[PDB]
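Peer 1: One structure, pasted below without further comment.
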Amino acid sequence: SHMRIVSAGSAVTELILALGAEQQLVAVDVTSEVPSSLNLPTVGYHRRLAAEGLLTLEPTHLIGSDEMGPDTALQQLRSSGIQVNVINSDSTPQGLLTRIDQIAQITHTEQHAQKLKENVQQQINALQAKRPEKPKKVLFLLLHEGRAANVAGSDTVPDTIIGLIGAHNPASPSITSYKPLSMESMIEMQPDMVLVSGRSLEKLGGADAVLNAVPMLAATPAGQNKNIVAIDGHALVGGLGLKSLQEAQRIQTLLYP
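Residue numbering for the sequence shown follows the working numbering, beginning at 25 and increasing consecutively.
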């Protein structure tokens, strides 16, 4: 077990690094972030893994979400003796704690698990501690060029993050997962703050530009105050992770000075 890990997801990579086991990585996926110094090869998109491409890395593990595929490549790895570990990808805090356990076990760093799960819970408590009696309203908008403006309802990492910063997600009862948000619902929900599909979804300009993009925000507090805030897209993938918690803190400071 001289480890050679292909990490197939950003949420895998961060934990592997957090547990001090970066020397075990031989490759990461496109969404993963690792220091330039490591010279780690990429492996593309975990939904389109190349069986032979992976095999040349002589890996011992392929770790990712249940979205790793295609399945025909996963069998070629298994049949060749590569451990293929499907790992948690909920939008829940317990999903994160479970993910930490799943990784700590594979990478044999259980020792670090408790202390890391402990920090994770501390941050969450620190975030929850700052929740007011009168929480504000926050929506996450998933915007694309030529696509209809979507929203994160229940069971999304952006929904969990909004709860953790101590806000209401007005979309979270009525909407499940990511759905088109009717202009009327948005007007009705009256968000105080809008979060946008990555810091990277601009590509538009910024606050005033997303406002240009979604002109009905003008009839919400968020719009009339240009309170349109960027959240790092990596904190939304895999799903609820260390980056998620860090963004959440950073955004709560913006939402409640």
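Think of the CB as a built atom: it goes at the ideal place given N, C-alpha and C, for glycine as much as any other residue.
In terms of residue numbering, what span does the alpha helix (DSSP H) encompassing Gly-247 cover?
Peer 2: As a position in the sequence shown, residue 247 is number 223, starting the count at 1. Here the alpha helix (DSSP H) through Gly-247 covers 245–248.
Peer 1: Within 10 angstroms of the Cβ of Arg-71, are there 16 or more other Cβ atoms? Answer buried if so, exposed if not.
Peer 2: Translated into positions along the sequence shown, residue 71 becomes position 47. When all chains shown are included, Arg-71 counts as exposed.
Peer 1: State the beta-bridge partners of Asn-109 as determined by DSSP.
Peer 2: On the sequence shown, position 85 is the one that residue 109 refers to. Paired residues: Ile-87.
Peer 1: Taking the alpha carbon of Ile-124 as the point to measure from, which residue in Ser-115, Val-144 and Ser-224 has its own alpha carbon closest?
Peer 2: The sequence position of residue 124 within the sequence shown is 100, counting from 1. When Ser-115, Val-144 and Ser-224 are compared, the shortest CA-CA separation from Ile-124 is found for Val-144.
Peer 1: So, helix, strand or coil for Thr-122, using DSSP?
Peer 2: As a first step, residue 122 must be located in the sequence shown, where it is residue number 98. In the structure shown, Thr-122 sits in a helix (DSSP, three-state: H, G or I).
Peer 1: In the DSSP output, which residue or residues are listed as bridge partners for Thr-200?
Peer 2: Looking up residue 200 in the sequence shown gives position 176. Note: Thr-200 sits in a beta bridge opposite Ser-178.
Peer 1: Taking 8 Å as the threshold, find out whether the stretch 104–121 comes into contact with the stretch 257–268 through three or more Cβ pairs.
Peer 2: yes
Peer 1: Which term fits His-258, buried or exposed, when burial requires 16 or more other beta carbons within 10 angstroms of its beta carbon?
Peer 2: Reading the sequence shown from its first residue, position 234 is the one you call residue 258. Label assigned to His-258: buried.
Peer 1: Ignore the nearest five residues each way along the sequence and tell me which others in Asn-109's own chain have a CB closer than 8 Å to its CB.
Peer 2: The residue given as residue 109 occupies position 85 in the sequence shown. Only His-85, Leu-86, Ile-87, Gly-88, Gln-126 and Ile-130 meet the Cβ criterion.
Peer 1: Please give me, in chain order, every unbroken run of the alpha helix (DSSP H) with length at least 4 that falls completely inside the stretch 217–243.
Peer 2: 231–237
Peer 1: In angstroms, rounded to a whole number, what distance separates the CA positions of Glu-226 and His-26?
Peer 2: On the sequence shown, residue 226 is found 202 positions in, with the first residue counted as 1. On the sequence shown, residue 26 is found 2 positions in, with the first residue counted as 1. Here the alpha carbon of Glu-226 sits roughly 43 Å from the alpha carbon of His-26.
Peer 1: Among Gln-135, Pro-159, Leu-279 and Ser-60, which one has its Cα closest to the Cα of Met-217?
Peer 2: Taking the first residue of the sequence shown as 1, we reach residue 217 at position 193. The option with the nearest alpha carbon to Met-217 is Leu-279.
Peer 1: Give a yes or no on whether the C-beta atoms belonging to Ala-246 and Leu-188 are separated by under 8 Å.
Peer 2: Numbered from its first residue, the sequence shown carries residue 246 at position 222. Numbered from its first residue, the sequence shown carries residue 188 at position 164. No; because the gap between Cβ atoms is not below 8 Å, this pair is not in contact.
Peer 1: Over the uninterrupted alpha helix (DSSP H) stretch that includes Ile-189, give me the two end residues.
Peer 2: Counted from its first residue, the sequence shown places residue 189 at position 165. Per DSSP, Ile-189 belongs to no alpha helix (DSSP H) and is neither H nor E.
Peer 1: Helix, strand or coil, according to DSSP, for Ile-255 in the structure here?
Peer 2: For the purposes of this step, residue 255 is taken as the residue at position 231 of the sequence shown. In the three-state scheme derived from DSSP, where H, G and I count as helix and E and B as strand, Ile-255 is classed as coil.
Peer 1: Output the distance between the C-alpha atoms of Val-54 and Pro-194, rounded to the nearest integer angstrom.
Peer 2: Taking the sequence shown and counting its residues from 1, the one referred to as residue 54 is at position 30. Taking the sequence shown and counting its residues from 1, the one referred to as residue 194 is at position 170. When only Cα atoms are considered, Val-54 and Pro-194 end up about 33 Å apart.
Peer 1: From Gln-107 to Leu-101, what distance separates their C-alpha atoms?
Peer 2: Working through the sequence shown from its first residue, we reach residue 107 at position 83. Working through the sequence shown from its first residue, we reach residue 101 at position 77. When rounded, the distance between both Cα atoms is 8 Å.
Peer 1: Just the Cα atoms here: how many angstroms apart are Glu-38 and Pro-215?
Peer 2: Locating residue 38 in the sequence shown gives position 14, counting from the first residue. Locating residue 215 in the sequence shown gives position 191, counting from the first residue. Their Cα atoms are separated by approximately 31 Å.
Peer 1: Which residues does DSSP pair with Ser-31 in a beta bridge?
Peer 2: As a working note, residue 31 is residue 7 in the sequence shown. BP columns for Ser-31 point to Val-52 and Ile-87.
Peer 1: Just how far apart, CA to CA, sit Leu-98 and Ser-34?
Peer 2: Counting from one through the sequence shown, the residue named residue 98 turns up at place 74. Counting from one through the sequence shown, the residue named residue 34 turns up at place 10. In a straight line, the C-alpha of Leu-98 is about 19 Å away from that of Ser-34.
Peer 1: By the DSSP assignment, the alpha helix (DSSP H) with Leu-278 in it spans what residues?
Peer 2: Position 254 of the sequence shown, counted from the start, is the residue given in the question as residue 278. From DSSP, the alpha helix (DSSP H) with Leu-278 extends over 266–279.
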